[PDB]
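The chain below stands alone and is given in structure tokens; this is the form deposited without the ligand.
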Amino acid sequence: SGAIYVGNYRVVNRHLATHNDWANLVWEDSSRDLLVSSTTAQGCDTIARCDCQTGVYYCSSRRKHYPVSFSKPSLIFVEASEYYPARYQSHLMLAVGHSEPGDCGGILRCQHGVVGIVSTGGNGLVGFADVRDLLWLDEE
């Protein structure tokens, strides 16, 4: 579990998005594992506008923050899971790190603010759904 709260927006893994999230759907990309919903509250999170390839992600399955090198957002193939089929996920960044299914929504972040949320995992890798190209999160 984990959500980015910026402006009047809640960002989630789409595979963990609630009936409420869908009722107030702003934008969804099945291929990015990303949903964004409208909120009534403003958010205090800031979205990194940068091309950092080093960050800190929260691993709930370790209750630890891990510094990581990560790849540039790409169209990468993702193996079978349980919350998804074996599929191609876009705007996805891989780092060598621990990621279980329940670590999804773990925030990845650099000095510039939030970079992404944990989306994929296993084979000793962690996949993050990039959100830094979504410029529209930073107004209204």
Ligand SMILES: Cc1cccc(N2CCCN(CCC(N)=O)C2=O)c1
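C-alpha atoms forming the largest set that superposes within 1.5 Å between two forms make up the rigid core. Each residue number is its position in the shown sequence, starting from 1. Only residues modelled in both forms are compared.
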{"query": "Entry-level comparison of average CA B-factors, 15 to 23 and 127 to 135, reporting the higher stretch", "finding": "15 to 23"}
{"query": "Higher-B stretch (mean Cα B-factor, as the entry records it), 64 to 72 or 36 to 44", "finding": "36 to 44"}
{"query": "Top residue by Cα temperature factor, when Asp51, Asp103, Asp29, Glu79 are compared in the entry", "finding": "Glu79"}
{"query": "Chain-wide C-alpha B factor ranking for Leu92, given as lowest, middle or highest third", "finding": "middle"}
{"query": "Third of chain Cα B-factors occupied by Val114", "finding": "middle"}
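The following text describes the form deposited with the ligand bound, which does not appear among the structures shown.
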property	result
Clash verdict for the ligand in the bound PDB entry, overlaid onto the shown chain (3 or more atoms within 2.4 angstroms of backbone or C-beta)	blocked
Interface membership of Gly43, the ligand in the bound PDB entry, 4.5 Å heavy atom rule	no
Contacts with the ligand in the bound PDB entry - residues in 112 to 128 whose heavy atoms fall within 4.5 Å	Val118, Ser119, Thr120, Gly121, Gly122
Single mover in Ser38, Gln53, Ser81, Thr46, with Cα shift of 2 Å or more between this form and the one not shown when the core is superposed	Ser81
Large-shift segments between this form and the one not shown, meaning 3+ residue runs whose Cα move 2 Å or more when the rigid core is superposed	79 to 87
